[PDB]
Structures are given as C-alpha cells and as structure tokens.
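To start, the structure under review is shown below, and the notes come after it.
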2 protein chains.
Amino acid sequence: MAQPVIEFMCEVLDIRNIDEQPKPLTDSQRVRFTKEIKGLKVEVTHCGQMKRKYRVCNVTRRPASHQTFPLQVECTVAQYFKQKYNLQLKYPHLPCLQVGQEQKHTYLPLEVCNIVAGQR
Amino acid sequence: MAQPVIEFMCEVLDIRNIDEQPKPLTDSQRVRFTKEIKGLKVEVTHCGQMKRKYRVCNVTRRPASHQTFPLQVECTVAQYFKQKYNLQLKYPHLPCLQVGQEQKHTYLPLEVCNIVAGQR
RNA sequence: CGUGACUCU
RNA sequence: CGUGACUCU
C-alpha cells in the first residue's frame with residue numbers, strides 16, 4: 001500500500017499529534033524531512049483515478065499557503081487547490097514537495113501525496 | 001497473469017496442436033490474428049527482469065526466419081535472437097509482432113511475448 | 001522490473 | 001489508473 005507523505009513525515013520528525021500543533025515546521029525539521037523525502041516517488045490522491053506519479057526533487061521552504069508559481073501572473077498553491085479542485089488544504093502551514101524538472105515549478109501539498117512502493 | 005501471445009493466437013485461430021504442425025500461418029490466419037493482437041500491449045520475456053512493454057502496431061507477413069531490419073547492413077530476426085540472446089527460436093516459421101513507431105522497425109518474435117493485462 | 005514524460009504547478 | 005518513451009529491432 002501507499003503511505004501518506006504526511007504520515008511518513010510524522011515518523012521522520014517523531015511527531016504523533018500532527019493535528020494538535022498547527023505550527024509550521026522548523027528549519028531543522030524541514031531539513032531532516034527533505035533528506036528523507038527527496039528522491040522518493042509519490043502518487044497524487046486528489047484526481048480520482050488519475051494517480052499521477054512524480055519524483056520528489058526537493059521540499060519548499062515556504063508553506064503551501066505562500067509558495068508561489070507562474071500561473072497563466074502568479075498564484076499561491078493553497079488558492080490553486082481551492083480554486084481548481086475546490087480543496088481547502090488541511091495543512092496550509094506545512095510545505096509543498098517540489099517535483100519533476102526543477103525549472104518547471106511543480107509544487108504538491110503534502111496532503112495529496114502518497115509514497116509509492118516499488119515493485120521489484 | 002500475462003498470457004503468452006502464442007496461446008492467445010492458438011485461441012484466436014482455434015489451434016490446439018500448435019507444435020504438431022510446424023506449418024506457417026495462412027494469409028487468412030495472419031489476418032484474423034492481426035485484427036486481435038493489433039492495439040494490445042505486450043511485455044517481453046527474454047530479458048530477465050527487464051520486461052519491457054511494447055504496443056503492438058501490426059503483424060509481419062514474413063516469418064521470424066526471414067523478417068529483416070536495418071542492423072548496425074540488415075539482419076534476419078531469427079539470427080539476431082540467436083546471436084544477441086543465443087536463443088534458437090522455437091517458432092521461426094510464425095511471424096513477428098511489429099511494435100512501437102512504425103518507422104523504427106522493431107520486430108518481436110511471438111515466443112518472447114506475453115499479453116499484458118490492464119489494471120484499472 | 002527500473003527510469004524519465006503528459007493529462008501539471 | 002490511462003498513454004507515449006529508453007535500456008530496441
């Protein structure tokens with residue numbers, strides 16, 4: 001089965017009450033989490049059966065609530081997911097996973113992400 | 001599970017003794033088989049764990065023993081599989097499945113082919 | 001199987 | 001999930 005990246009994170013950062021503290025990650029927490037999530041493959045979970053797979057290439061420093069990209073202007077990913085998918089993010093304070101070609105600015109909220117299990 | 005294309009063929013052509021008659025397919029048999037195999041996805045079975053998947057785009061008229069392509073000159077696929085994989089084909093008389101971009105000449109002996117099952 | 005790509009962000 | 005691509009032929 002696929003493990004929610006949120007859960008993967010809580011295991012990495014040794015968090016149990018993820019929803020108890022709506023506090024942002026510290027630089028120390030972001031750095032430890034990035035080392036672990038970078039390089040892994042994730043599958044999206046907000047597009048029904050179109051579970052697109054991405055390669056995590058980095059973690060943003062800014063939270064989903066502020067991370068921005070070139071929108072055709074520039075938009076905040078939280079809005080985008082509430083405007084294009086009508087999804088009020090549950091963790092706008094946590095960062096997004098940057099995926100795909102660096103020079104492409106694809107940011108994915110942790111919420112909609114599951115770690116894909118390899119199948120050798 | 002993946003079904004050998006040989007088996008798929010015998011079902012299409014209503015053949016039971018595939019190995020009893022080492023006779024080539026008739027134009028009628030080739031045409032009926034092509035209608036069914038064209039468009040299907042197959043996975044290769046002669047490269048260990050590298051089960052590459054191809055899209056069947058057509059069936060050759062010439063048998064594996066004669067079908068040719070631009071080899072870097074031109075070679076017969078039977079030889080190629082006996083020279084590059086040291087695989088004396090079991091059915092050099094049956095045709096090959098052409099796969100991928102038409103203008104690329106990729107021919108696959110039926111032997112090394114399994115029909116890939118979709119996973120909706 | 002592994003990788004990279006699109007329907008993205 | 002679907003598609004198309006490479007390690008092909």
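The sequence lines fix the lettering, A, B, ..., with proteins before strands; numbering per chain opens at 1.
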Among the nucleotides C/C8, C/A5, D/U9, whichever has the atom closest to the side chain of A/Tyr85 is C/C8
Considering every strand and a 4.0 Å limit on heavy-atom distances, what is the contact class for B/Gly118: base, sugar-phosphate, or nothing? sugar-phosphate
Please state whether the rings of A/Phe33 and A/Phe8 are parallel, tilted or perpendicular, taking 30° and 60° as the class boundaries. tilted
Spacing of B/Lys41 atom NZ relative to D/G2 atom P, expressed in whole Å: 6 Å
Give the rounded distance in Å between these two atoms: CD of A/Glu43 and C1' of D/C1. 10 Å
Would you mind telling me which of C/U9, C/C6, D/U3 lies closest to the side-chain atoms of A/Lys104? C/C6
For atom OH of A/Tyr107 and atom P of C/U9, their distance in whole Å: 13 Å
Which residue, A/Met9, A/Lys90, A/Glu7, forms the side chain to side chain contact (heavy atoms under 4.5 Å, CB included) with A/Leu110? A/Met9
Can you tell me the distance, in whole Å, between the CZ atom of A/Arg120 and the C1' atom of C/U3? 11 Å
With the side chain of A/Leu71 defined as its heavy atoms from C-beta on, choose the nearest nucleotide among C/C8, C/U9, D/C6. C/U9
Is any side-chain nitrogen or oxygen of A/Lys53 closer than 4.0 Å to OP1 or OP2 of C/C6? no
Is the distance between the ring centroids of B/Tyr80 and B/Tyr107 less than 6.0 Å? no
Crowding at NE2, A/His93 (>12 non-hydrogen neighbours, <6.0 Å): yes
Rounded interatomic separation in angstrom, taking CE from B/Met50 and P from D/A5: 15 Å
Any-strand Watson-Crick or G-U partner of D/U7, both distances under 3.5 Å: none
Under 4.0 angstrom between A/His46 side-chain N/O and C/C8 OP1 or OP2: no
With a 4.0 Å limit, can you tell me whether B/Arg52 has a side-chain N or O closer than that to the phosphate oxygens OP1/OP2 of D/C8? no
Please compare B/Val44 and B/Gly100 by the position of their nearest nucleotide in RNA chain D and report the one closer to 5'. B/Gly100
Nearest listed nucleotide, side chain of B/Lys84, among D/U9, C/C8, C/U9: D/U9
What integer distance in Å separates B/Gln101:CD from D/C6:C1'? 11 Å
Nearest whole Å is fine: how far is C/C6 P from A/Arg55 CZ? 14 Å
What is the ring orientation for B/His46 with B/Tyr85, classed by angle as parallel under 30°, tilted 30 to 60°, or perpendicular over 60°? perpendicular
Of the listed C/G2, C/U9, D/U9, the closest approach to the A/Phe69 side chain comes from C/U9
Ranking B/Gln49 and A/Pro109 by the position along RNA chain C of their nearest nucleotide, the one closer to 5' is B/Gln49
For the pair made of CD in B/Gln119 and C1' in D/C1, what is the distance, rounded to whole Å? 9 Å
